[PDB]
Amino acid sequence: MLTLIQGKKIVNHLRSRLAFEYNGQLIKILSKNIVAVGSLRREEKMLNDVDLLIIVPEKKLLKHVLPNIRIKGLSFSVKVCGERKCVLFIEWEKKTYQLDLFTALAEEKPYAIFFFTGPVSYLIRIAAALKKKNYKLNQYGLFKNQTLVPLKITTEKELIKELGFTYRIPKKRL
């Protein structure tokens, strides 16, 4: 059980204090690559976890980022962890809260921000409407017949447009 007001605050603590351990060397993830997503990006009044998105700049780093995740000074358990999804139950001023971390390559930034803000039913109703047209939309790309179709694309709003859906700010998405 978690409300937006400190959900905002928890993410503020972390914007500066996420890092991983790359073959002995700690490396800090900088906020120009931390994105809030999920119900927090959609400004839901009440949350039941925080979903952060971590953008790694080169592929060779994916294997090491999340399995070796380190947040400065706060205890947490990993329930699950791989190289593109990890889940952490963290201690917030004597409160236990669920933290889901994901990772996207730069090449995936909009596709991944889209997919990971949601809401769920939004996603089910766009991945459907695009399959009809012999496409498939997932976390990583827009694919027609197992080949990525190139889109001169950078942010979310251009992707939502260039595939043919009305763009609504996170809060008003469904």
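Numbering starts at 1 and follows the sequence shown.
Chemist: Comparing average C-alpha B factors as deposited, tell me which of 31 to 39 and 144 to 152 sits higher.
Modeler: So the stretch with the higher mean C-alpha B-factor is 144 to 152.
Chemist: With reference to the PDB entry, specify whether the mean Cα temperature factor is higher for 86 to 94 or for 100 to 108.
Modeler: So the stretch with the higher mean C-alpha B-factor is 86 to 94.
Chemist: Which has the highest CA B-factor per the PDB entry: 124, 62, 26, 50?
Modeler: Spelled out: the listed residue with the top C-alpha B-factor is 26.
Chemist: Quick check for you: using the entry's CA B-factors within this chain, is residue 78 in the lowest, middle or highest third?
Modeler: For residue 78, whose C-alpha B-factor we compare with every modelled residue in the chain, the answer is the middle third.
Chemist: Is residue 134 in the lowest, middle or highest third of its chain when residues are ranked by C-alpha B-factor?
Modeler: Tercile = highest for this residue's CA B-factor.
Chemist: What third of the chain, by the recorded C-alpha B-factor, contains residue 163?
Modeler: According to the entry, residue 163 has a C-alpha B-factor in the chain's highest third.
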